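All remarks here apply to the structure that follows.
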Amino acid sequence: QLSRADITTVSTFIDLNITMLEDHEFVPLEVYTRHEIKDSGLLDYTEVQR
Amino acid sequence: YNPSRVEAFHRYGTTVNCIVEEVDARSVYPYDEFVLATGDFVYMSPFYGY
Ligand SMILES: *[C@@H]1O[C@H](CO)[C@@H](O)[C@H](O)[C@H]1NC(C)=O
Numbered sequence: 658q659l660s661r662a663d664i665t666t667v668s669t670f671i672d673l674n675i676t677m678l679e680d681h682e683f684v685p686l687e688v689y690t691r692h693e694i695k696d697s698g699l700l701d702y703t704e705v706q707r
Numbered sequence: 254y255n256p257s258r259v260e261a262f263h264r265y266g267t268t269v270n271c272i273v274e275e276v277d278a279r280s281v282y283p284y285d286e287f288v289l290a291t292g293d294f295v296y297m298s299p300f301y302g303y
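Shown next, in the form of structure tokens:
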């Protein structure tokens, strides 16, 4: 009696590798926050009047 | 009102016009002060009271 792995084996199937799409996490990103846009002005009427 | 016309003389004429208006007040956090529609600042919390 001999084991099943003692004889050479050939794959009769046509392998098809399937790599699922990895999960992705999106982080917040802004070129200019609303605070930066407000600060872009040279003068602010609110602060000047205050 | 202005003074009556008297030759080569300076005159002072006072005018007092009572005015009452309904203005929209605005305030921001910490709400320690508020502004008026006329652009005048009021350094008092809108909720101040006894
Ligand atoms: C992936 O597919 C290939 C054939 O494209 C196959 O040879 C391989 O054993 C498969 N599995 C792994 C883990 O690479």
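Top to bottom, those sequences are chains A and B.
Just remember that full-length UniProt numbering sits 657 ahead of the position in the first sequence, which is counted from 1.
Just remember that full-length UniProt numbering sits 253 ahead of the position in the second sequence, which is counted from 1.
Just so it is clear, CB atoms sit at the ideal spot from N, CA and C, and this is done for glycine as well.
- Separation of B/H263 and B/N255 (C-alpha to C-alpha, rounded to the nearest whole angstrom) is 11 Å.
- Proximity of chain B to A/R707 at the Cβ level (cut-off 7 Å) is accounted for by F294, in chain order.
- Rounded to whole angstroms, A/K695 and B/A290 show a C-alpha spacing of 21 Å.
- Contact between the stretch 290-300 of chain B and the stretch 269-279 of chain B is established, with three or more Cβ pairs separated by less than 8 Å.
- Separation of the CB atoms of B/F294 and A/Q706 is rounded to 6 Å, and the pair is thereby assigned contact status at 8 Å.
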